[PDB]
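Observations on the three-dimensional arrangement
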Amino acid sequence: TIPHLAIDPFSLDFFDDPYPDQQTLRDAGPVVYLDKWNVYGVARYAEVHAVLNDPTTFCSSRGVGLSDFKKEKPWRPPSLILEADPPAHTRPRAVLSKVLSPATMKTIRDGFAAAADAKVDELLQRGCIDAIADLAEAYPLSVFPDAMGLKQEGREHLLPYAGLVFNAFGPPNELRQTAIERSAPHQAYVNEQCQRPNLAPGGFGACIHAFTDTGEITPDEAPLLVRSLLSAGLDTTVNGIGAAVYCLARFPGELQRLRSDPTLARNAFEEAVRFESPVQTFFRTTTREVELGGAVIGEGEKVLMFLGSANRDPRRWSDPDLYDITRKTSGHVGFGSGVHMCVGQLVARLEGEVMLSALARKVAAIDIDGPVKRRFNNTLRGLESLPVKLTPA
Ligand code: HEM
Ligand SMILES: O=C(O)c1ccc(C2CC2)cc1
Ligand SMILES: [Cl-]
């Protein structure tokens, strides 16, 4: 009853151009079986949304990668939020929600905006830049480690560690194995900075530790929640901003609409998150036998959700393959949906908004003017190098 497919959604050929295979995955049926990895997959919007919003059956505490924590040791101690179910999930989630709250955004907005403006002006002086190293990576590196309250020393480990985290959600392919092998120095660096003495007062890290006073988290929980921010909080924004710039480079008409109304910056970023879906995939594990898409899935089965596919499903989206900065983007699943929906979404959107605002006000044209290279990661979609010429407004 369930179609079996041989598509490897973690192969380099798939990362290189996922969209035809994602259609094949959607059109095969509401639920497929991926023989390459012995997992179920859901690629249409409806089922992906349903699974995300059914946490008691499609759980996270057995891992949101391919590995089942009931069967194998996690490569690092489980995340107290990503890899937890309610009720255990709830108070750590509440702490990060408060640390990354609307109120907190007021404290960092001016500096985040100023750094974005300054960066775009700097790049305009250079003219021909790499929109990944010089913009998508450089801008988040210039604000987020500081906002965390990290010391200067060791920050070169941040992106490698994130690359590892996101590769490690994948199957045990070469990408994952190469990432985990000799990763100890990255792990040691991150784990050390999660300890309270190493985090600057006023920053997100210190604020997490401050919540141990309230009874919401214990002191021994705080370093793991700092670890969550150091795992998710940088590389995501790199690929989100890179996605947006790549979109604006490919859709000059939309750059021009953005220029004409910079207040479209926030939605132009949201649309980029839908369109590229920097976080492509997550898994759940069934806690019980369950019928999904007329398919009966046993207990303890891994279910692969194709977030990017869901965000391009023509059943849900008009012209899914068009980048439209005035699209009603609400309901996209690029930040997830339900109890685990991205708790750092205000930080992500703030960064994206203020960079796209700076571009909107300062740049007339973005032209790809060198070889484009894709960055391969089991979970993250994005580019390694994006040479562009920036024309000033
Ligand atoms: C464009 C940028 C980002 C994207 C696309 C993204 C994507 C996602 C997605 C899809 C989830 C849901 C996970 C699931 O359902 O299993 C999620 C959760 C999460 N994200 Fe974001 N994220 C981004 C930025 C950030 C930032 C900037 C931070 C921190 C400063 C962050 C921290 C987290 C954390 C801690 C969770 C787990 C929340 C929970 O389990 O309740 N992410 N993110
Ligand atoms: O808690 C964590 O360590 C964690 C790691 C990666 C993510 C991805 C979704 C952005 C989220 C949380
Ligand atoms: Cl670690």
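- The deposited coordinates for this entry were obtained by X-ray crystallography, with a reported resolution of 1.54 Å.

1. Side note on the sheet that holds strand β13 (residues 387-392)
- Taken together, the 3 strands give an open sheet; going across it, the order is β5-β13-β10, and neighbouring strands pair in antiparallel fashion. Strand pairing shows two members of the sheet lacking a second neighbour, β5 (128-130) and β10 (363-368), which therefore form its edges. Strand after strand, the sheet turns through a mean of 35° between neighbouring axes, direction not considered.
- In terms of strand pairing, β5 meets β13 through 3 bridges, oriented antiparallel. Each bridged residue has a counterpart across the sheet, and for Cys128 the counterpart in β13 is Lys389.

2. Section: the site of ligand 1
- Within the structure, ligand 1 sits among 25 residues, and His89, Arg93, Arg284, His340 and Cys342 are positioned closest to it.
- Contact between ligand 1 and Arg284: an oxygen atom at 2.7 Å from a side-chain N or O atom of the residue.
- Listed by contribution, the elements that provide at least two residues to the shell around ligand 1 are α4 (90-99), α11 (222-232), α12 (235-250) and β6 (281-286).
- Residue classes in the shell around ligand 1 are distributed as 15 nonpolar, 8 polar and 2 charged.

3. Points about the sheet that holds strand β1 (residues 4-5)
- Pairing is mixed in the open sheet, where 6 strands are placed in the order β1-β2-β3-β9-β6-β4. Of all the strands in the sheet, just β1 and β4 (58-59) have a single pairing partner and so form its edges.
- When strand β3 (residues 39-42) meets strand β9 (residues 302-306), the two strands line up parallel, connected through 3 bridges. When the sheet's bridge partners are listed, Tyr40 is paired in β9 with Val303.
- Sheet strands touched by helix α3 (residues 45-52): β3, β4, β6 and β9. Its angle to β9, the strand with the most contacts, is close to 125°.

4. Brief notes about the environment of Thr236
- Following the sequence through the fold, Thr236 ends up in helix α12.
- According to the relative accessible area criterion, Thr236 is partly exposed, its value standing at 21%.
- Taking the C-alpha atoms as reference points, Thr236 and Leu82, separated by 154 residues in sequence, lie 15 Å from one another.
- The residues contacting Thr236, other than those within four sequence positions of it, are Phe166 and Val279.
- Of the polar contacts made by the side chain of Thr236, one reaches the backbone oxygen of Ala232; its length is 2.4 Å.

5. With respect to the packing of aromatic side chains
- A complete count under the given rule lists 11 aromatic pairs for this structure.
- On the basis of an interplanar angle of 55° and a centroid distance of 6.3 Å, the ring pair of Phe144 and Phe204 is categorised as tilted. On the criterion of sequence distance, the pair formed by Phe144 in helix α6 (residues 132-148) and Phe204 in helix α10 (residues 204-210) is long-range, its members being 60 residues apart.
- A relative accessible area of 5% means that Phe144 is categorised as buried.
- Take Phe204: its relative accessible area is 4%, and that puts it in the buried class.
- When the ring of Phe166 is compared with that of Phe169, the centres are 5.9 Å apart and the planes differ by 75°; the resulting orientation is edge-to-face.
- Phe166 gets classed as buried once you look at its relative accessible area, which sits at 4%.
- In this structure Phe169 comes out as buried when scored by relative accessible area, which is 7%.
- Positioned above the aromatic ring of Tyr246 is the side chain of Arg250, whose terminal nitrogen or guanidinium carbon lies 3.7 Å from the ring centre.
- Stacked on the ring of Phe275, the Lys or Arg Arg312 has its end atom at 4.2 Å from the ring centre.

Rules behind the numbers
- Residues numbered from 1 in each chain as written, not as in the entry; some residues may be left out.
- Chains lettered and ligands numbered in written order.
- Heavy atoms only, no water.
- Pairing = 2+ DSSP bridges.
- Helix = DSSP H or I, 4+ residues; strand = E, 2+ residues; numbered from the N terminus.
- Axes fitted to C-alpha atoms, helices over the stretch in contact; angles between N-to-C directions.
- Near = heavy atom within 4 Å.
- Polar contact = N/O pair within 3.5 Å; in protein donor to acceptor, adjacent residues only side chain to side chain.
- Nonpolar A, V, L, I, M, F, W, Y, C, P; charged D, E, K, R; others polar.
- Contact = heavy atoms within 4.5 Å.
- Buried < 20%, exposed > 50% of the residue type's maximum accessible area, 1.4 Å probe, protein only.
- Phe/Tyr/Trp six-rings, centres within 6.5 Å; stacked < 30°, edge-to-face > 60°.
- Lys NZ or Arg CZ within 6 Å of the ring centre and 35° of its normal.

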